Structures are given as structure tokens and as C-alpha cells.
Amino acid sequence: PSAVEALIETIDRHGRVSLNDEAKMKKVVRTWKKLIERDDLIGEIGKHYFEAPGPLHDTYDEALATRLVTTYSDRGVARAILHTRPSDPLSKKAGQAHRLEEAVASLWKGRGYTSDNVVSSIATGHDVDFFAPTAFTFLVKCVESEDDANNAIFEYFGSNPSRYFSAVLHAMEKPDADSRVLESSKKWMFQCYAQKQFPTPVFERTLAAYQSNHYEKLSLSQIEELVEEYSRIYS
Amino acid sequence: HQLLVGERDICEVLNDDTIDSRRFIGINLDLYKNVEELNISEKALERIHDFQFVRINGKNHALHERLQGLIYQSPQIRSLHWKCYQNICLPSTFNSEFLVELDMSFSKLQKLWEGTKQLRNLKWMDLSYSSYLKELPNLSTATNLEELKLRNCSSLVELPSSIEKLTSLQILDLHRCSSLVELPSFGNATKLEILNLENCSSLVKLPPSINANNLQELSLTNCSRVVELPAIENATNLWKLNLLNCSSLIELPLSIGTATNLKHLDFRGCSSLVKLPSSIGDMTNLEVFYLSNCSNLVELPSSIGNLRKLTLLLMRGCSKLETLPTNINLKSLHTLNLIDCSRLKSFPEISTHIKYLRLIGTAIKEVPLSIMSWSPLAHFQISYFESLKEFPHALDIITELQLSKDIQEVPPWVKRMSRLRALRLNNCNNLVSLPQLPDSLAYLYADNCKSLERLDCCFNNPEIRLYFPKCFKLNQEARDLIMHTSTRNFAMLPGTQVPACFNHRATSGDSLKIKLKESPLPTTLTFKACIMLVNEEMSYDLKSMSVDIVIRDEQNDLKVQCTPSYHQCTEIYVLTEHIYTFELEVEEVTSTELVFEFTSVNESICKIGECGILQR
């Protein structure tokens, strides 16, 4: 058959077959890549799923996002979004990918997800992955403000500045890391300890106490970077 | 060419004082490993060997002083790609006469050049993610330029005044230049092909007009301070035009309707947009047309009738909207989405083939006698008003009702209402009882009724969803009916423990042991499950819940099949102290005891706690 009919029947079969978690995490990416291959697929399938019986939506993209999230779980959709980022943002593939990602973000907002639900859905297991740009931008999309996204990541680490700083330092090494945003997160942590009127030089011993899932235990307590910088940025 | 792929393993070749250093047209480096300076002899810094294709992949916080010595001394540098440049400015010795491409996709530059240099044959300049850039050079004498991709340059305060002379520009990506406050006039022959200004939170002014004969995309998706929009002269082949969240936009260019091939128009969030232009109807093939939260949009132009291809007309929260156009018949309209339009005050009669008519929150208060001439409505939703009894032609077509907060009693004539498939009560703070509902009912969303103690019905639709969130006042015969109504969908109820009717209770977890009531003389068996959720932080708005079900036998090991095998509802609420029930269907099991493991998809939103079942 054609591409639209084949992809629709694939999505329906996957939805009703009640497949394994690893099977869904593997098939969501294949379906997702099939979706963004050409620019006349998202619209046509969205229009088809809009008219089909069920709940009523406001857009076609919302209908497609609802069906995708229902078939492959909230974590499967996030997995497909993070691992299917095309290279050139001005291409047709990138446009379709952004359409799908924004539809899913609005879907999650419409269900009253908090920052913690979104972070736990994106969560992959490695604490460094939350600061990769392809995940940080989606998180900011879902929470609407970088401060709230940073707070959500900080709380997901058990409110532990040691783990947070280790993750940010590891994200510094990343090749395509938007260093401005990484310094924005580091500056946010410094600030949230700063205006608190907690300008004690003991920030060193607070970090030492908060340090020893599991993570790289920064032994590099950055007595200047993570201390002298706090020393002369404020007070 | 065949690139000299090397990672710190070409730097030894350049130390040789022989002519072997010369005759290297292309150099390709990868400096992921950190080092301040490449181990190069000072004698090789004197040699003036030239490079034409330079492709260097830099490293953060590693300013290679010597690598800049050998590279930029090359006179004929045709191409240049230095990711993570890590220097304040390009060296003053650079000769860019023959430059054809430039690409510094991550950088710490602050101004490229001191003075107006020669860019006669520059054709590409990508400076993306140069967050520390302060100003572009004097882009005059850059006539042959084609693309200028300044994506995500946060600190770029202003574009050069000499942009008018880029008579060959095709692409100008200024995606998230959050500090740019003015877009200079472009010129009479540039003919931009992609004008991308997506997230310019501080952009104010725009060119008075731009040539648009060859224009396909024009994105302003969060420009919150764009006062007006440049005139789009021809736009014969626009493909994309979205002005999402563009508040402060007062009007629209009157030439927007010249785009005769545009097929989707999105103005969601465009607050303070007073009126659409009268040329909107000139658009052909315009299929999807979004408006949402468009406050101050007081009228919708009557030129719409020319569209002939419109399919979806979304209009939510259009508070100031007063009068839709009359005496039109949109041939191919499919859904008219008019929700929360407070000041509508008049029925929407603009088509005859509408299939989804959503009219909730509108102060309509009448229904015309002309609807029997319309095509059958698959979804006609109107918020209930008291003076609805006078319209017997509106009762048999209606599909969804919605009682308001200040409803003293649901009218007894709802039973006459034939094709009703839902009845949503929204915090009916002064109610007592619910009458008999029509048997076509398939949804009952009693959201937060403070007092709904009595239910006086017997639902007989096999697929009905009796959701009663936060509806505490309920006599036990009502709670018995909600739980024991035979439906193949969910059912909500406020509760604190799984009731006693579900005998085979089990602790908080996913392991239920039940025993067959007898030797299974009936082949099939029917189970009614009950489920609470683990107490955990719950958002006041959590609205999605799905469940997986797996049945395995322990006396004999075999994964017995289950017929429903999952329940999913995207409208149900997720609340802690609430009881969720559903139905189960099984084969003829040769065993005598079975194990039910009620898991839940999306373990990161809600987990199943106490859950006991029963056999019918």
C-alpha cells in the first residue's frame, strides 16, 4: 500500500498488540523516523486521526501526539524525541521533528504535568544526559523557564549540589554543549545559594558533606571555581 | 578532497623544516584532547606555507596560540571551519580576499574585524551559537553572500547598517538573537528566501517592506514586541507563515492575502490583534486556520466565503469576538471550534456541512430553525442554558451538554434528548440529585460536585465512563451503582480503602492471589477489579492514566490470556484518595488459582497501590 496507510496500520497494530517495554522503546524510534521522512505525512496522519472517533482535540498535531503517546508510552515518546534530532535546523526533516516535539510538549502541558513528571519521563539513567542540549531545550519547552528546568533537575538529584555540579562539569566536556546555557545553570546554582544570604565560605564543607543511583563523586571540590567564584560574585 | 584526517598526528609533520610543510592545500584537525599549545618548533612558525581548506575542531577553554600562527598566515584561505574558536577576535593578519566560506559554529568572538575589508567572493557565513558576539563587521563589499546564519547569537545587539547592500542574500537565520532590537531595511533586490526570526524576545522594529517574490518561510514564533509586520509584496509561493504568541501585533499587512499557495495559517496567542485584513479571502487552498486566545479580535471579516477549501477553524478564548459573518456557505468546512468565546451572543451560521460544532462558554442563548437543512452533526456541543426547552429542533441533534456552576437542578426533560453522548457537570456547588439519563449516554464527568448525594438512574450503555472526581457526598446506593454498573471502561469514585465487595484484596503492590469460585463450569469468567494509587506528590491537574494487565498461573506455569488486557483514558483525573474500577475477561482456565499483576504504563506519573478484585 501507500506510505500513509502502511504507517497508520503499523501505529494501530503497535497500539493494540500490547508489546514489551523494550519492544516499544525500539519500535517508537522506527515509527518516528518514518514520520519525518517527508513533509506530507504529519499533516495527513494528523488529519486522519482527528476525524476518527474518540476524544476531540484543537489541532491535528494534538491528535497525532495523543495517538503516539497512547501507543508508545510517555517515556518512549521522549526517547524518540531526544534520539531523532536532524542536523540542519532549516531542513524539512528538522521542521517535521520540531512539529512533533512541540505537539508532545503541548500534550504534556495540557495534562497538568509538573516539572518532576517531565524530568522523570526524560530521565535516561545517566545524570549527564539532562544537560545535553537536545534534552535541555525540550525540558525548557515543557516547563517554559530555564529556572524551573534547573530547579527540576536539581530536585531530581535529591537537592544535592555535589551531584548537580558533577553533572554540569561533565556536560562542559560535551562537544556541542551550548556553553552559555551551562553557565546559566551554574550561575543559577550560585545565585540560589547567594541571595539566600548563605555567603558562608563553608559552601566548600556543605559540598563536602553532600558528597561521599550513583554518580561521579567530584573530588574536585573546586575550592576556587566552586568556592572563590562564589566568594567574589556576591559578598 | 581527501582530507588529512589527523588528531595531533599531523603536528609532527609541520615541525620538519623541509619543503614538505608546503603543498598542503587542505588540513583537517580534531582537537578533542585538551592541550594549551601544540608541540611545534618556533622555526615552523616562520615558514609561510599556505592552506586553502581549513577544517579545525577546537576544544573548550583551549586557546591554541601556535595553531593560529600557522593557519591565518596562509594568504589564500578559501574555506574556514573552526568550531570552538576560543579567542576574542580574529587575528589582524587575516587576509579574507579569497574567502568563500566561513563557519564558526561555537565561539567566544566579540567582533570579527576592525575595518571594512574585501569580501568580494564570500558566499556563506555561519556564526551560530556565538553567544559572546557583540557586532557583525561592515558587511559592505559582500555582494555575493548567499546565507547568513546567526542562529542563537544571544549578545548580538544590532545588525550592521550595510545589510542593504547584500543583493544576493537568500537565507537569514536569526533564530534566538534575544538582544537584537531592530532589523534593518534589506533593499529592493535581495529577495530573501527564508527569513527566520523565531525567538527574538526584544525585537521591536522591522523593515517597512521586503521583496518577497521568492519567499517560502517567515517565522516569528515568540516575537512578543513586534508592533507591525513588513508588507509582503507578492508572496506567490509562501509555504510557512506562523506568528505564534506574537502579542503587541496590532494589525496585519494587507498583502498577506496575496499568498495564493499558503495552506495553513497559525495566529495562536496573537493578543491585541484587532481585526484580520479584508484580503484574507484572496488566499486559496487555505485549509487550516488557527486562532486562539486572540483577545481584542472583535470581528471576523466577511470575505471568508471565497476560501472554498477551509476545513478547520479553531477559535478559543476569543473573548471580544462578537459577530461571525453571515450569508455564507463554506463548502468544505469540517469543524467550527468556538469555545469560551464569551461575547458571541449569536449563533454561528456560516456553513452547512459542519461536522464538529463546539460551542462551550459562548453566551449564545438561541438555536435557529434552519439546522434541519444542515448536514448531520457528529459532534454538537453547547453549554446548557435554562431557555433551551423552547427549541425542540435542537434537542435531537445535540450531542454534549455542560451544566454550569449555578444550576439548581438538572431538568427532567433530559431523558427526551435522544442523541446525547455526554453530560459534564463543572463544580455544580448547588445540586442534589441526577435524573434518569438517556440510554445513549457514554460519558458522565461530574467534576467537583459538592453535593450530589443521590443518583436515580440505571445506566445501560455497555461503554460508559462514570467519572465522579472529588464528589464525596454520595449515598451508598449511588456508590454501589457506580461500582457495579457493567461497563468495559473505567469508573472513578472518591474513596479511602478498597470496599469489602472486592473480597480477594491484596496489599499495596502488583501481586494478587485469587481462587476460582468453583470448578469452572462456565467457560469464560468475569472479574471486576478495583485500584487505588500510591500516595505521592500529585499535580492538581494530572489528567492521564493507563493500565496494563497480565494474568499468570502458579500451580501450572502458563501466561493465561486476558481479553481487555489494557484500559486507557486520556480524560480521567489522577488523584490519590480515589477508587478506579474496570472489567476483566478470561479464557477457560484449567487451573484453580490465578495471579493478577495490575501494572501501569507511565510509572513516572502514578503507581498502583491497594487493589483487590472479585469474581462474578
# chains A, B, ... in the order shown; residues from 1 in each chain; ligands from 1
>>> interface_residues(of="chain B", to="chain A", cutoff="6 Å", atoms="only C-alpha atoms", output="list in words")
residues 541, 542, 543 and 604 of chain B
>>> select_by_dssp(residues="region 9-130 of chain B", states="helix (DSSP H, G or I)", output="PyMOL selection string")
chain B and resi 19-21+42-46+65-72
>>> write_last_selection(atoms="C-alpha atoms", output="PDB file, in the first residue's frame")
ATOM      1  CA  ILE B  19      59.527  21.856   1.848  1.00  0.00           C
ATOM      2  CA  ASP B  20      57.243  19.022   2.993  1.00  0.00           C
ATOM      3  CA  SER B  21      55.375  21.641   5.037  1.00  0.00           C
ATOM      4  CA  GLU B  42      59.419  28.088  16.592  1.00  0.00           C
ATOM      5  CA  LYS B  43      61.175  27.627  13.247  1.00  0.00           C
ATOM      6  CA  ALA B  44      57.989  26.254  11.681  1.00  0.00           C
ATOM      7  CA  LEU B  45      56.108  29.390  12.743  1.00  0.00           C
ATOM      8  CA  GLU B  46      58.325  31.382  10.355  1.00  0.00           C
ATOM      9  CA  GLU B  65      48.260  30.144  20.209  1.00  0.00           C
ATOM     10  CA  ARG B  66      50.522  28.347  17.735  1.00  0.00           C
ATOM     11  CA  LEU B  67      47.758  26.836  15.597  1.00  0.00           C
ATOM     12  CA  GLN B  68      46.537  30.363  14.878  1.00  0.00           C
ATOM     13  CA  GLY B  69      50.086  31.219  13.839  1.00  0.00           C
ATOM     14  CA  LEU B  70      50.249  28.683  11.019  1.00  0.00           C
ATOM     15  CA  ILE B  71      46.636  28.920   9.852  1.00  0.00           C
ATOM     16  CA  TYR B  72      45.944  32.636   9.448  1.00  0.00           C
TER      17      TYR B  72
END
>>> residues_around(residues="residue 84 (chain B)", least_positions_apart="4", cutoff="8 Å", atoms="only C-alpha atoms", output="number ranges by chain")
B: 57-60, 104-108
>>> residues_around(residues="region 522-527 of chain B", least_positions_apart="3", cutoff="8 Å", atoms="only C-alpha atoms", output="number ranges by chain")
B: 583-589, 613-616
>>> write_last_selection(atoms="C-alpha atoms", output="PDB file, in the first residue's frame")
ATOM      1  CA  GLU B 583     -13.761  -5.152  33.860  1.00  0.00           C
ATOM      2  CA  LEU B 584     -11.748  -8.267  33.043  1.00  0.00           C
ATOM      3  CA  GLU B 585     -12.363 -11.182  30.691  1.00  0.00           C
ATOM      4  CA  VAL B 586     -10.509 -14.503  30.610  1.00  0.00           C
ATOM      5  CA  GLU B 587     -10.445 -17.875  28.876  1.00  0.00           C
ATOM      6  CA  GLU B 588     -11.425 -21.198  30.413  1.00  0.00           C
ATOM      7  CA  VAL B 589      -8.540 -21.807  32.816  1.00  0.00           C
ATOM      8  CA  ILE B 613     -10.867  -7.883  42.788  1.00  0.00           C
ATOM      9  CA  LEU B 614     -13.878 -10.199  42.770  1.00  0.00           C
ATOM     10  CA  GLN B 615     -15.433 -12.867  40.565  1.00  0.00           C
ATOM     11  CA  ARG B 616     -18.936 -12.662  39.120  1.00  0.00           C
TER      12      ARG B 616
END
>>> closest_residue(among="A:194, A:64, A:209, A:7", to="residue 160 (chain A)", atoms="only C-alpha atoms")
A:209
>>> residues_around(residues="residue 96 (chain A)", least_positions_apart="6", cutoff="8 Å", atoms="only C-alpha atoms", output="mmCIF file with C-alpha atoms, in the first residue's frame")
data_model
loop_
_atom_site.group_PDB
_atom_site.id
_atom_site.type_symbol
_atom_site.label_atom_id
_atom_site.label_comp_id
_atom_site.auth_asym_id
_atom_site.auth_seq_id
_atom_site.Cartn_x
_atom_site.Cartn_y
_atom_site.Cartn_z
ATOM 1 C CA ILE A 36 9.565 12.833 9.444
ATOM 2 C CA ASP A 39 6.618 16.746 4.897
ATOM 3 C CA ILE A 42 2.451 14.519 9.701
#
>>> residues_around(residues="region 259-271 of chain B", least_positions_apart="4", cutoff="9 Å", atoms="only C-alpha atoms", output="MDAnalysis selection string")
chainID B and resid 232 234:250 255 282:297 315
>>> write_last_selection(atoms="N, CA, C and O atoms", output="short mmCIF file (atom, residue, chain, number, x, y, z; two decimals), in the first residue's frame")
data_model
loop_
_atom_site.label_atom_id
_atom_site.label_comp_id
_atom_site.auth_asym_id
_atom_site.auth_seq_id
_atom_site.Cartn_x
_atom_site.Cartn_y
_atom_site.Cartn_z
N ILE B 232 4.29 42.21 2.58
CA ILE B 232 4.73 41.06 1.79
C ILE B 232 4.19 41.27 0.38
O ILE B 232 3.00 41.07 0.13
N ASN B 234 4.49 40.17 -3.10
CA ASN B 234 3.83 39.17 -3.93
C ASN B 234 3.57 37.87 -3.18
O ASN B 234 2.43 37.41 -3.13
N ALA B 235 4.60 37.26 -2.60
CA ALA B 235 4.44 36.04 -1.82
C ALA B 235 3.74 34.96 -2.63
O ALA B 235 2.87 34.24 -2.12
N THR B 236 4.11 34.84 -3.90
CA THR B 236 3.43 33.89 -4.78
C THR B 236 3.57 32.46 -4.28
O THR B 236 2.72 31.62 -4.57
N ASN B 237 4.63 32.17 -3.53
CA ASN B 237 4.89 30.79 -3.12
C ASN B 237 5.34 30.72 -1.67
O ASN B 237 6.26 29.97 -1.33
N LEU B 238 4.70 31.48 -0.78
CA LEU B 238 4.90 31.22 0.64
C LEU B 238 4.48 29.80 0.98
O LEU B 238 3.48 29.29 0.47
N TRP B 239 5.26 29.18 1.83
CA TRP B 239 4.99 27.85 2.34
C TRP B 239 4.65 27.84 3.81
O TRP B 239 3.78 27.06 4.22
N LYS B 240 5.27 28.71 4.60
CA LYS B 240 5.10 28.72 6.05
C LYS B 240 4.98 30.16 6.52
O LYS B 240 5.81 31.00 6.16
N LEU B 241 3.95 30.44 7.31
CA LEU B 241 3.81 31.74 7.95
C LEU B 241 3.13 31.50 9.29
O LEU B 241 1.94 31.19 9.33
N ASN B 242 3.89 31.63 10.37
CA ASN B 242 3.35 31.48 11.71
C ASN B 242 3.79 32.64 12.59
O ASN B 242 4.95 33.04 12.57
N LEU B 243 2.83 33.21 13.32
CA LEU B 243 3.07 34.33 14.22
C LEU B 243 2.64 33.97 15.63
O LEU B 243 2.04 34.78 16.34
N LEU B 244 2.94 32.74 16.04
CA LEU B 244 2.53 32.25 17.35
C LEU B 244 3.03 33.18 18.45
O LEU B 244 4.14 33.71 18.39
N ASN B 245 2.17 33.41 19.44
CA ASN B 245 2.49 34.16 20.65
C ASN B 245 2.94 35.59 20.37
O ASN B 245 3.43 36.26 21.28
N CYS B 246 2.78 36.08 19.15
CA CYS B 246 3.18 37.45 18.80
C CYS B 246 2.13 38.42 19.33
O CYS B 246 1.23 38.86 18.62
N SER B 247 2.25 38.75 20.61
CA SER B 247 1.45 39.83 21.16
C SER B 247 1.98 41.17 20.67
O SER B 247 3.01 41.25 19.99
N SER B 248 1.24 42.23 20.98
CA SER B 248 1.58 43.60 20.61
C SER B 248 1.49 43.82 19.10
O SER B 248 1.70 44.93 18.62
N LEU B 249 1.16 42.77 18.35
CA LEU B 249 0.90 42.92 16.93
C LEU B 249 -0.49 43.53 16.74
O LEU B 249 -1.49 42.90 17.09
N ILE B 250 -0.54 44.74 16.21
CA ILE B 250 -1.79 45.48 16.16
C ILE B 250 -2.61 45.14 14.93
O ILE B 250 -3.83 44.97 15.02
N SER B 255 -1.37 42.84 2.28
CA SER B 255 -0.93 41.98 1.19
C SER B 255 -0.71 40.55 1.64
O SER B 255 -0.20 39.74 0.85
N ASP B 282 -8.74 36.25 -0.29
CA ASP B 282 -7.98 36.04 -1.52
C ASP B 282 -7.16 34.76 -1.46
O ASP B 282 -6.89 34.16 -2.51
N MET B 283 -6.77 34.33 -0.26
CA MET B 283 -5.99 33.11 -0.12
C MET B 283 -6.75 31.92 -0.68
O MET B 283 -7.94 31.76 -0.43
N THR B 284 -6.05 31.09 -1.45
CA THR B 284 -6.61 29.87 -1.99
C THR B 284 -5.84 28.69 -1.41
O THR B 284 -4.66 28.81 -1.06
N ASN B 285 -6.52 27.55 -1.29
CA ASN B 285 -6.01 26.33 -0.68
C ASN B 285 -5.77 26.48 0.81
O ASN B 285 -5.18 25.59 1.42
N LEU B 286 -6.21 27.58 1.42
CA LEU B 286 -6.07 27.75 2.86
C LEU B 286 -6.95 26.74 3.57
O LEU B 286 -8.17 26.90 3.63
N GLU B 287 -6.33 25.69 4.12
CA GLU B 287 -7.07 24.58 4.70
C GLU B 287 -7.27 24.69 6.20
O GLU B 287 -8.38 24.46 6.68
N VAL B 288 -6.24 25.05 6.95
CA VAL B 288 -6.28 25.06 8.41
C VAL B 288 -5.96 26.46 8.88
O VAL B 288 -4.97 27.06 8.44
N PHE B 289 -6.78 26.98 9.79
CA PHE B 289 -6.68 28.38 10.19
C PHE B 289 -6.90 28.48 11.70
O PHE B 289 -8.04 28.47 12.16
N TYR B 290 -5.81 28.58 12.45
CA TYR B 290 -5.83 28.59 13.90
C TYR B 290 -5.92 30.02 14.42
O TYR B 290 -5.16 30.89 13.98
N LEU B 291 -6.86 30.26 15.32
CA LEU B 291 -6.85 31.44 16.17
C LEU B 291 -7.15 30.96 17.58
O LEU B 291 -8.05 30.14 17.78
N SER B 292 -6.39 31.45 18.56
CA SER B 292 -6.62 31.04 19.93
C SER B 292 -6.11 32.13 20.86
O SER B 292 -5.07 32.73 20.60
N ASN B 293 -6.86 32.38 21.93
CA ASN B 293 -6.56 33.43 22.89
C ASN B 293 -6.44 34.80 22.22
O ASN B 293 -5.90 35.73 22.81
N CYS B 294 -6.95 34.93 21.00
CA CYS B 294 -6.87 36.18 20.27
C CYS B 294 -7.86 37.18 20.84
O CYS B 294 -8.89 37.47 20.22
N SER B 295 -7.56 37.70 22.03
CA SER B 295 -8.38 38.75 22.60
C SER B 295 -8.27 40.01 21.75
O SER B 295 -7.31 40.21 21.01
N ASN B 296 -9.30 40.85 21.83
CA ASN B 296 -9.47 42.08 21.07
C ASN B 296 -9.75 41.85 19.60
O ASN B 296 -9.95 42.82 18.86
N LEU B 297 -9.76 40.60 19.13
CA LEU B 297 -10.24 40.33 17.78
C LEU B 297 -11.76 40.47 17.79
O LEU B 297 -12.48 39.52 18.10
N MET B 315 -11.05 28.50 17.19
CA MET B 315 -11.20 29.83 17.80
C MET B 315 -11.53 29.62 19.28
O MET B 315 -12.69 29.46 19.64
#
>>> residues_around(residues="region 363-375 of chain B", least_positions_apart="3", cutoff="12 Å", atoms="only C-alpha atoms", output="compact mmCIF listing (two decimals) with N, CA and C atoms, in the first residue's frame")
# COMPACT_ATOMS: atom_id res chain seq x y z
N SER B 319 -12.35 36.30 23.45
CA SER B 319 -13.31 36.91 24.36
C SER B 319 -14.10 38.02 23.68
N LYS B 320 -13.42 38.89 22.94
CA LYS B 320 -14.08 40.06 22.38
C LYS B 320 -14.85 39.77 21.11
N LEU B 321 -14.75 38.57 20.55
CA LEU B 321 -15.44 38.25 19.31
C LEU B 321 -16.94 38.39 19.49
N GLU B 322 -17.59 39.08 18.55
CA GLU B 322 -19.00 39.42 18.68
C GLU B 322 -19.86 38.85 17.58
N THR B 323 -19.47 39.02 16.31
CA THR B 323 -20.31 38.64 15.19
C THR B 323 -19.48 37.90 14.15
N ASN B 329 -21.80 30.04 2.81
CA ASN B 329 -21.86 28.58 2.88
C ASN B 329 -20.47 28.05 2.55
N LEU B 330 -19.63 27.90 3.57
CA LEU B 330 -18.33 27.27 3.38
C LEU B 330 -18.52 25.84 2.90
N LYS B 331 -18.03 25.56 1.69
CA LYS B 331 -18.33 24.29 1.04
C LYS B 331 -17.70 23.12 1.79
N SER B 332 -16.48 23.28 2.29
CA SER B 332 -15.71 22.16 2.81
C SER B 332 -15.34 22.33 4.28
N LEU B 333 -16.00 23.23 5.00
CA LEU B 333 -15.76 23.35 6.43
C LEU B 333 -16.08 22.04 7.12
N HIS B 334 -15.24 21.67 8.09
CA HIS B 334 -15.40 20.42 8.81
C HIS B 334 -15.70 20.63 10.29
N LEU B 338 -15.50 26.89 18.49
CA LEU B 338 -15.77 28.17 19.15
C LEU B 338 -16.03 27.90 20.62
N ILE B 339 -14.97 27.86 21.42
CA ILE B 339 -15.08 27.57 22.84
C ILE B 339 -14.59 28.78 23.63
N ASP B 340 -15.33 29.11 24.69
CA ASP B 340 -15.01 30.19 25.62
C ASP B 340 -15.08 31.56 24.97
N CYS B 341 -15.67 31.67 23.78
CA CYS B 341 -15.92 32.97 23.19
C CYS B 341 -17.06 33.62 23.95
N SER B 342 -16.72 34.43 24.95
CA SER B 342 -17.72 34.89 25.91
C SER B 342 -18.82 35.71 25.24
N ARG B 343 -18.44 36.62 24.34
CA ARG B 343 -19.36 37.63 23.84
C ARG B 343 -19.91 37.29 22.46
N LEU B 344 -20.14 36.01 22.16
CA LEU B 344 -20.63 35.66 20.83
C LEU B 344 -22.05 36.16 20.61
N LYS B 345 -22.95 35.89 21.54
CA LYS B 345 -24.31 36.43 21.58
C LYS B 345 -25.13 36.12 20.33
N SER B 346 -24.64 35.29 19.42
CA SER B 346 -25.39 34.99 18.20
C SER B 346 -24.89 33.67 17.63
N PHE B 347 -25.83 32.85 17.17
CA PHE B 347 -25.47 31.51 16.72
C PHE B 347 -24.56 31.59 15.51
N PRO B 348 -23.58 30.70 15.40
CA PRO B 348 -22.73 30.65 14.21
C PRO B 348 -23.42 29.91 13.08
N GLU B 349 -23.86 30.66 12.07
CA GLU B 349 -24.45 30.06 10.88
C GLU B 349 -23.64 30.56 9.69
N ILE B 350 -22.53 29.87 9.42
CA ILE B 350 -21.61 30.23 8.34
C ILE B 350 -21.33 29.08 7.39
N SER B 351 -21.93 27.92 7.61
CA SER B 351 -21.72 26.78 6.73
C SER B 351 -22.92 25.86 6.85
N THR B 352 -22.86 24.75 6.11
CA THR B 352 -23.92 23.75 6.15
C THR B 352 -23.39 22.33 6.22
N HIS B 353 -22.10 22.11 6.01
CA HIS B 353 -21.50 20.78 6.11
C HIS B 353 -20.61 20.63 7.33
N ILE B 354 -20.84 21.44 8.37
CA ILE B 354 -20.08 21.30 9.61
C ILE B 354 -20.37 19.95 10.24
N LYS B 355 -19.32 19.30 10.73
CA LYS B 355 -19.46 18.01 11.40
C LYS B 355 -19.14 18.07 12.89
N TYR B 356 -18.20 18.91 13.30
CA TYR B 356 -17.88 19.10 14.71
C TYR B 356 -18.17 20.55 15.06
N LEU B 357 -19.22 20.79 15.83
CA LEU B 357 -19.58 22.13 16.27
C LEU B 357 -19.38 22.20 17.77
N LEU B 359 -19.43 24.63 20.85
CA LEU B 359 -19.89 25.93 21.32
C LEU B 359 -20.04 25.86 22.83
N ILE B 360 -18.96 26.05 23.57
CA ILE B 360 -18.98 25.96 25.02
C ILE B 360 -18.45 27.26 25.60
N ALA B 378 -21.78 15.28 13.71
CA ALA B 378 -21.21 14.20 14.51
C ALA B 378 -20.83 14.65 15.91
N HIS B 379 -20.73 15.96 16.15
CA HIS B 379 -20.39 16.48 17.47
C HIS B 379 -20.94 17.90 17.57
N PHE B 380 -22.05 18.05 18.29
CA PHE B 380 -22.64 19.36 18.54
C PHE B 380 -22.68 19.55 20.05
N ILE B 382 -22.98 22.29 23.25
CA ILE B 382 -23.37 23.62 23.69
C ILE B 382 -23.57 23.60 25.20
N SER B 383 -23.07 24.62 25.88
CA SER B 383 -23.25 24.72 27.32
C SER B 383 -24.71 25.01 27.64
N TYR B 384 -25.27 24.23 28.56
CA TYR B 384 -26.70 24.30 28.83
C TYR B 384 -27.10 25.67 29.35
N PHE B 385 -28.24 26.16 28.86
CA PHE B 385 -28.88 27.35 29.38
C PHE B 385 -30.35 27.02 29.65
N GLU B 386 -30.95 27.78 30.57
CA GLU B 386 -32.29 27.44 31.04
C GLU B 386 -33.30 27.47 29.91
N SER B 387 -33.25 28.49 29.06
CA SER B 387 -34.23 28.63 27.99
C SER B 387 -33.85 27.78 26.78
N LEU B 388 -33.60 26.50 27.01
CA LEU B 388 -33.33 25.56 25.93
C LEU B 388 -34.54 24.72 25.56
N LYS B 389 -35.54 24.66 26.44
CA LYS B 389 -36.71 23.82 26.19
C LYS B 389 -37.50 24.29 24.98
N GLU B 390 -37.41 25.58 24.65
CA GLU B 390 -38.20 26.14 23.56
C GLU B 390 -37.67 25.77 22.18
N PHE B 391 -36.65 24.92 22.10
CA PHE B 391 -36.03 24.55 20.82
C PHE B 391 -36.05 23.04 20.69
N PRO B 392 -37.21 22.46 20.36
CA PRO B 392 -37.27 21.01 20.15
C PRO B 392 -36.44 20.53 18.97
N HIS B 393 -36.10 21.42 18.04
CA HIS B 393 -35.23 21.03 16.93
C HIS B 393 -33.77 20.94 17.34
N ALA B 394 -33.40 21.51 18.48
CA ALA B 394 -32.03 21.48 18.96
C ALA B 394 -31.75 20.33 19.92
N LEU B 395 -32.77 19.60 20.35
CA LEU B 395 -32.58 18.54 21.33
C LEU B 395 -32.20 17.22 20.69
N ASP B 396 -32.73 16.92 19.51
CA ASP B 396 -32.44 15.65 18.86
C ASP B 396 -31.13 15.67 18.09
N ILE B 397 -30.49 16.84 17.94
CA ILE B 397 -29.25 16.96 17.19
C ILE B 397 -28.08 17.08 18.15
N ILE B 398 -28.35 17.59 19.35
CA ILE B 398 -27.33 17.87 20.35
C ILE B 398 -26.56 16.60 20.68
